[PDB]
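Presented as C-alpha cells, the chain that follows is alone, the form solved without the named molecule.
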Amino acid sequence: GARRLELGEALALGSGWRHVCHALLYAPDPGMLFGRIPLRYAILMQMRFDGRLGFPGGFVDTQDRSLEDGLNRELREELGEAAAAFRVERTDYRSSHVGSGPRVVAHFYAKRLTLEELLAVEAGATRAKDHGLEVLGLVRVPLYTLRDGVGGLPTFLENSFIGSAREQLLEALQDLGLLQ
C-alpha cells in the first residue's frame, strides 16, 4: 500500500474509520553548511517511541470539528506552545492515503513557517507533553548530498520511517523543487 484517496472520498468513509493527520513543517534557511553547501530549508521530522522517524500530528477525535482542528490540537500536544503560533489549514493539505489492515486514513499537510517560528518549535519541544514518551526528539532533514554521493539526504532516507512518511517527505521535496 498505501492507496492514495481524494479528500472527498476520505471524508465519505464510515464512522468505523479513524483519521490521522501529520504535517511537514518547514522554513526557508539561508544557511550554508561548511560555508559552501546550501541548507535551503529547515524541515522537521520526529523520532517516535517505536524507533521510526515520522511527522508530527496524530488522530482526529470525536470532538474535532474539522481535520485541521484535530491536526492543530495534536501538533500542540506533541510540540508544545510554540506550535500555537500558527495554524495548519486546508490550503496546506497535500494528500490522503489508506494502507492495508486497520481502518485508518492518513492525511498529510505541509506548512510554511518563518525560520524564527521553526526554531521556536525546536526550542520548546522538549517540554511538550509527549516528549520522552510517545516522541523521542526532533531532527532536521539534510537536503544536500555530500561529495561521496551518499552522505546527507540518501543516507537519511536509509533510516527507519513510519507508514508512508518517506513517500510523503519525497513528494514534498519534489514539490519544493529540491529533486531537480
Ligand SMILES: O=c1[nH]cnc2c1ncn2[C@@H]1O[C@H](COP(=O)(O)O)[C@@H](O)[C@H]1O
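Numbers for residues come from their place in the sequence shown, where the first is 1.
The same protein also exists as the form deposited with the named molecule bound; that form is not shown, yet it is the one meant from here on.
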Contact label in the entry with it bound: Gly54 to the named molecule, heavy atom within 4.5 Å: yes
My question is simply whether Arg48 lines the interface with the named molecule in the entry with it bound - judged by any non-hydrogen atom within 4.5 Å. yes
Evaluate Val104 for contact with the named molecule in the entry with it bound, applying a 4.5 angstroms cut-off between non-hydrogen atoms, and reply yes or no. yes
Spell out, yes or no, whether the shortest heavy atom distance between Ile162 and the named molecule in the entry with it bound is within 4.5 Å. yes
Check each residue of 3-18 against the named molecule in the entry with it bound and list those with a heavy atom within 4.5 Å, in sequence order. none
